[PDB]
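The values are calculated or read from the model by the stated rules, or taken from the named source; no laboratory instrument gave them. All Cβ positions, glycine included, derive from the backbone under ideal geometry; neighbour counts span all protein chains shown.
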Ligand SMILES: [Ca+2]
């Protein structure tokens, strides 16, 4: 997260870190046994880390649980990042509490102008590299479809939306991928892609979760 703020420990209780020996992506807890992330974050050997603030220090609210299965969206295209969504099942159910909690799925899509909270342990520099140890947060609005499409000609599908600031300086970034965009207590987006980070006229691009609620629910019901 570039140009954000320190969230505070366990203030974002649905935020997860995906760990394969090191943090490599975010995710969102959507029930005691399932996490949503970005398909471009797929790898084998995932451990899900819940209850984290400092990802390099054991602070006392963590739960580390190995994934038993990952399911990439059936129409994911790694060239265009269309359908950049994956589900991860935990080998055991997490213990839900005030610091480890699920986030609701949307019953309806959000609109341009809605304010959302974006979070992660990604790079904090727009030109340069610096990785935080504690969770960072950014409040940002959803941008219009027309401004999103104008920013990225020929690249924005009906399964994407843009959020952030066209002036630059505030955005998600590398290492935030797969993490949440929450608006009015609903998971509306997944950190997907962008040109660089926090660049002028190049806002963040997010997976449009409301398009996938049917697939998520059916997949969970049968796995
Ligand atoms: Ca920790």
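Worth a mention:
- Checking 203, 180 one by one, the residue that is closer than 22 Å to residue 9 by Cβ, assigned by CATH to the domain that holds residue 5 and either in contact with a helix residue (DSSP H, G or I) (Cβ under 6 Å, 6 or more places away or on another chain) or touching a residue at least 12 places away in the same chain (Cβ under 8 Å) (or both) is 180 and no other.
- Residue match in the stretch 78-88 (condition: in contact with a helix residue (DSSP H, G or I) (Cβ under 9 Å, 6 or more places away or on another chain), exposed (fewer than 14 other Cβ atoms within 10 Å of the Cβ) and assigned by CATH to the domain that holds residue 62): yes
- Matching entry among 126, 108 (being away from the ligand (no atom under 16 Å from the Cβ), assigned by CATH to the domain that holds residue 159, in contact (Cβ under 8 Å) with a residue 24 or more places away in the chain and within 25 Å of residue 222 (Cβ to Cβ)): 108
- Listed by position, the strands (runs of 3 or more DSSP E) contained in the stretch 133-220 that have at least 1 residues being over 25 Å from residue 107 (Cβ atoms) are 136-141, 186-193.
- Among residues of the stretch 73-88 being part of a loop (DSSP other than H, G, I, E, B) and closer than 17 Å to residue 223 by Cα, the one that is nearest to the ligand (Cβ to nearest atom) is 85.
- Test: residue 75 is without any contact (Cβ under 8 Å) to a residue 60 or more places away in the chain and assigned by CATH to the domain that holds residue 46: yes
- Restricting the stretch 57-72 to residues that are farther than 17 Å from residue 91 by Cα and in contact with a strand residue (DSSP E or B) (Cβ under 9 Å, 6 or more places away or on another chain), the residue that is farthest from the ligand (Cβ to nearest atom): 72
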